[PDB]
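Residue numbers (the UniProt record's numbering), protein chains in the order written: chain C, 1 to 342; chain B, 1 to 341; chain U, 3 to 218; chain E, 3 to 219. Data first, discussion second: the structure below is written as structure tokens.
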Amino acid sequence: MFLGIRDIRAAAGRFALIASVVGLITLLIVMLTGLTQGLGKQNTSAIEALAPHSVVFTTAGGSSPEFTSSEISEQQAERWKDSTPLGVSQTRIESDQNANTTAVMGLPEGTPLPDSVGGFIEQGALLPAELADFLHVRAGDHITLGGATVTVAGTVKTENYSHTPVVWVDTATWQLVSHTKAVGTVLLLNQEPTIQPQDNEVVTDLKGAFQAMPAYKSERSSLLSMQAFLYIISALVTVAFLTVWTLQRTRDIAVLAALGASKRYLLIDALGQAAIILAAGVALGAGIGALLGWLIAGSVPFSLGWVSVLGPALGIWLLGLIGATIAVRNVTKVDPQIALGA
Amino acid sequence: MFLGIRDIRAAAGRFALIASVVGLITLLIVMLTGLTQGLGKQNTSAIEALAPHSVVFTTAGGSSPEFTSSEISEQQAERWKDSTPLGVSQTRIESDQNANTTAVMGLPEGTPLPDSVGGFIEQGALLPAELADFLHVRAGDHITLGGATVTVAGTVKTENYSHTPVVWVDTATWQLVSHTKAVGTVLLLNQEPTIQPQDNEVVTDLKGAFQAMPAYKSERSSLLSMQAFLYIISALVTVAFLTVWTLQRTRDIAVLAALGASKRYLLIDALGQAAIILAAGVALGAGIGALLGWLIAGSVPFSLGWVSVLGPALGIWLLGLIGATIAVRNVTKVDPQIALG
Amino acid sequence: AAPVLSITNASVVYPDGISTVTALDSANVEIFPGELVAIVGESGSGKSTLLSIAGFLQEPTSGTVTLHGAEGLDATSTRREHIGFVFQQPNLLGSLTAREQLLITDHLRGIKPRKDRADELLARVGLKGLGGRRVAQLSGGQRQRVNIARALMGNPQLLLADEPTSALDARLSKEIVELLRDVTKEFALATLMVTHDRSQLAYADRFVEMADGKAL
Amino acid sequence: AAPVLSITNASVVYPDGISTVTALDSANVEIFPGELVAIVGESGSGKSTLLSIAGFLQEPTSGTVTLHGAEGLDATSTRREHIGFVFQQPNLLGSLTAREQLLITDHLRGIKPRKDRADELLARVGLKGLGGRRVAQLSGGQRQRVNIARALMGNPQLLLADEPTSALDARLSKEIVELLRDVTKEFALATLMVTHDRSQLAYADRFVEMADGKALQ
Ligand code: MNR
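Take a look at the structure:
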């Protein structure tokens, strides 16, 4: 670390360029990470809040279950006992002064809502507070939900389904808004599944239940694939750059070798230099990353914690150290005779 | 250019790593480019196909227009002469065999549809060919559209609005399916507007009509910013590598300088070597890119043309040349006395 | 009957660190076609500085240097068309082959590389057939021999040798001087040869000795 | 009467391209503490190969080389603890200051770099209060002077000098050979000094003449 660190102090220019490349790549990765997790809750936060153990679907033509195509007939509901019907739809909401589209979820009357959301299923509609402020609707005001006028029963917290806020209603009202005789679209099970499903039925765990959401897999997968390429690009940039860089130091390394410096000394020197460079870049990039994300999270969905910024950061730093050892491998294979001549 | 090309021959290892980095970055950019154009067409292809000149919206509380909140009253339609009402809603379609959610666009009966879509607005609902096969429905079969029974007038091709295919219905049916007294959600103007708009009305261009779609701007914007960083990262990676790399050649360049090589000659050599390396990387990236994209276009919306693969490819390569000259600048200052040492 | 090179009352002053140092001091040298002129002296007496002046690698801080036939040409253009360099290190470009180390001078001069000419010159230096060898297949003497040949590729009128026998034993170094003088005579070259092995003066037509940047 | 270095019948054969080359042929040299042993001979006679042999930089293809007090050690541990190298070119690391050129040796030996010693030695070599200078601010003679000082930091027993007056005029090259002799005697060093300037033999206690890799003994 003695030679390595002072190369950095006296020639900060060249190292600033490469550290910026590492920082930019991390900056992109940090915001892509937060954006992918933010969208995942933008797609799943409501169902996660209800926290069912298993979930029974309905299919047609033995296809993969889809939230857009499931209905449970009331006898089907009686078959599975110890089960709760969940109705899920998206439709237009219209107030006296404004309108918009939002998701409407329906559950049986009187069922307590998850502590994530709290309150109880009441006759009528429970609105997210932020939607009520936009619509200028108060408790007791009439709104048009999917062509049906219903009174706002109260405000709740905000959860999301398919980039829309969730309006919570009783099972009866949801049928009026969704124009269906079915008692729901899925069944939430809080217990162990002890009933066997019919050929046309399909039980899934909470994770697999997200596959039935249209946008979730095909967009989270693309973001994860993009994220994977970014990690590989980081590793390769470091490996590409660090190999040529250590080849630049051959002369100075030879002199220390000629003087008697052990192989561990030169290799520890070299990785110390690389680790410091990589640390600076990742810290600076991830700092700006968390800053830019927190500044933007109000306009664009962005989930920002400690693990969602530092997890990827630490992963990159470990990738860089593995990459550096691949590049600095030739620091111990340098003969000291290079110093005797030119 | 003589020494530069044979440096590449005799040390293909070093260059494979850097060209791979450029190849990966170009591959990602090409695939990201295809994905952003694909998602944009997933959101706009129907409105763009209809090709209106201006589009009149309706707002509430003087807020920005939104396709999710605009309605045109019957009086509004008679006000704007030379204009047709377009109703845009998304709702569930249900057949005896299957079901799904789809976009419903409603226009006055008899309006000719764009050749992209073909046919003309008929009484009832015209289903997308892929959608009719999914539902096991044939032309003439009853279907539940937004809670109302509608007759399938025929099959059509697929255009998209908000990641959904468009079901085309007559203005009367859309009113029943969307439960509204309005004649539409917006007003399409094909000619230049000759009327001045009302307090609640707002004229917009075709582009601004896309920004009135909820997901479109807020997601295409994030994707475009990602592309900008990627182009920048490519330039910096090349500059970083090439500055360090050209420094490696100072000795061989000095010998040529001592021998009498002009400054132009050395600068051409260095830039030539970078150009070949960058060309290799970009060609491989765009090749592999188009292949993976064509291979994935069926599962993920991906628009694959010549301009969407070679446009970014040429952009990255030209950025590399500008970057390279920045990195090679110091080849003309190398003192030839370095060879006598 | 006309000189090729004339160094009249030249001096060089480098910024040696914080101070200055007079490297060359009022050097006067004139070479004629077919002459082998040595420059003898201990290490640091100003030999290399005088050579670098003769090769237009740095302008004198005072005094003039005239290479006749290159009047009206910048320093770089002068080296390319009229001067061959025999550096102390062979300075072979790693990625090129023995023959390619002649051809690249043809290329930097802007002419279609001449393979046959390169093979004749390599053979003229006793490397006949070795045009295809790479640097790893060349001994110490062989690289120095390829170096001379490259200086001869553009057929210069000034040949500058900077101690080209410094890493070769008595036998090999004799051969290079015999070769250098033989080529100097055959092609009417004007050659400066810096050397510290006074055993090689016997092959020079005349020689200058240098001390503290002053010639004698 | 007890040598620091014993080169006994040492021969070196490098692969000179396709063939091999006997660069050193059965050289026999011995150096005792307090001697400045000069090695004279033309460039290409085998001085540097004998030097490299002496500096445990490469083992001979035949014959043995012994440094007493350091027996039973690999090549690199011997250099780090008992040899000082005055390289032909100063070989100063660019990003370090004058004093740091010495301190970095102390760091690679595993001991907290002692600044006091680094300044004392810089003064002895006549560079007092210049430890702050960077290479760009050091002249030819000064860089070489730092080199000697760096070789002394480790209190070596064998001091090897490879033509350390190669780029110095007559005035400066006297001072450096004077400094080498004076430092040799004052620290009871065993110093081998390769040199082409035959005017400097006066400063040497003995000298070996060399021709074509054979020591004329
Ligand atoms: C706030 C608005 C949105 C933002 C920001 C956003 C950010 C991003 C993003 C950022 C880098 C990428 C890549 C991205 C990519 C996708 N995206 Mn996106 N997206 N996105 C939507 C709104 C938004 N997206 C909507 C709405 C759907 C469809 C919903 C449904 O059908 O259930 C969707 C779905 C999708 C799909 C599924 C397409 C399919 O299955 O045919 C892909 C792929």
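Just so it is clear, CB atoms sit at the ideal spot from N, CA and C, and this is done for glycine as well.
Cutoff 8 Å; reference residue i; Cβ partners in own chain excluding five residues on either side
i	result
C/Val307	none
C/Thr36	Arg220, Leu223, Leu224 and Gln227
C/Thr250	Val334 and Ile338
Neighbourhood of residue i by C-beta distance below 7 Å, restricted to the same chain and skipping five residues each side
i	result
B/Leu113	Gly119, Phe120, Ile121 and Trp168
C/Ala19	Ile277, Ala280 and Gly281
E/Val23	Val15 and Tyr16
E/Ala72	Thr80, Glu83 and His84
U/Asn11	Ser28, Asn30 and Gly65
Limits of the alpha helix (DSSP H) - the one that residue i falls within
i	result
residue 342 of chain B	Examination of residue 342 of chain B is not possible in this model, given that chain B is present from 1 through 341 alone.
U/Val148	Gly142 to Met155
B/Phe241	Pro214 to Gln248
U/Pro62	No alpha helix (DSSP H) holds U/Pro62; DSSP gives it neither H nor E.
U/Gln103	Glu102 to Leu110
E/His84	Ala77 to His84
C/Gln76	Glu74 to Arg79
B/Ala327	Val307 to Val328
B/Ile277	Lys263 to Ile296
Option in the options with minimal Cα separation from residue i
i	options	result
E/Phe89	E/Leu161, E/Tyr205 and E/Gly156	E/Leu161
C/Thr238	C/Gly13, C/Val21 and C/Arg14	C/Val21
C/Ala290	C/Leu256, C/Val309, C/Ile143 and C/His163	C/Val309
residue 387 of chain C	C/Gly341, C/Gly87 and C/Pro65	The displayed coordinates of chain C run from 1 to 342. Any statement about residue 387 of chain C would go beyond what the structure contains.
U/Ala172	E/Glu122, E/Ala213, E/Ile33 and E/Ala151	E/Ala213
U/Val196	U/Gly36, U/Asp18, U/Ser28 and U/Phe87	U/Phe87
E/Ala190	E/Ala217, E/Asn157 and E/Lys114	E/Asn157
U/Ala151	U/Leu203, U/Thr107 and U/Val42	U/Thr107
B/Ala139	B/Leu145, B/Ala129 and B/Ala148	B/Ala129
C/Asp141	C/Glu94, C/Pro193 and C/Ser64	C/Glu94
E/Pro92	E/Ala153, E/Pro5 and E/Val185	E/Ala153
U/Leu170	E/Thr51, E/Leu194, E/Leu104 and E/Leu124	E/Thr51
Residue i - containing beta strand (DSSP E), residue span
i	result
E/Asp164	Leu160 to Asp164
B/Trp168	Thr164 to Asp170
B/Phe210	Counting along the chain, B/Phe210 falls outside any beta strand (DSSP E), though it belongs to the alpha helix (DSSP H) covering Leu206 to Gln211.
C/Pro85	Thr84 to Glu94
E/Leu7	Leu7 to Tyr16
B/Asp141	Neither: B/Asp141 is in no beta strand (DSSP E) and is coded neither H nor E.
Residue-level contact to chain B via CB, residue i, 8 Å cutoff
i	result
C/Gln248	yes
U/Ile9	no
C/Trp245	yes
C/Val202	no
Short CB-CB distance (under 8 Å) between residue i and chain U
i	result
B/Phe15	no
B/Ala19	no
B/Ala12	no
E/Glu102	no
B/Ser262	yes
E/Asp214	yes
E/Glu32	no
Other residues of its chain near residue i: CB distance less than 6 Å, five sequence neighbours each side excluded
i	result
E/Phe58	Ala77, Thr80 and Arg81
U/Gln60	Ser54
8 Å Cβ cutoff, residue i in contact with chain E
i	result
C/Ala339	yes
U/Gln159	no
Cβ-heavy atom distance, residue i to the ligand PLP, below 7 Å
i	result
B/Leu223	Only the ligand MNR can be found as ligands here, which leaves the ligand PLP out of the picture.
CB contact check: residue i to chain C, cutoff 8 Å
i	result
B/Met105	no
Can you pull out the residues from the region 324-336 of chain C whose beta carbon lies closer than 7 Å to at least one beta carbon of chain E?
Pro336
Just by C-beta distance, which residues in the region 11-28 of chain E are closer than 9 Å to chain U?
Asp18, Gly19, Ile20, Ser21, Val23 and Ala25
Along the region 168-185 of chain U, where does the CB come closer than 8 Å to a CB of chain E? Name the residues.
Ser168, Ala169, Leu170, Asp171, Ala172, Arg173, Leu174 and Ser175
Positions along the region 129-153 of chain E whose CB lies within less than 7 Å of some CB in chain C:
none
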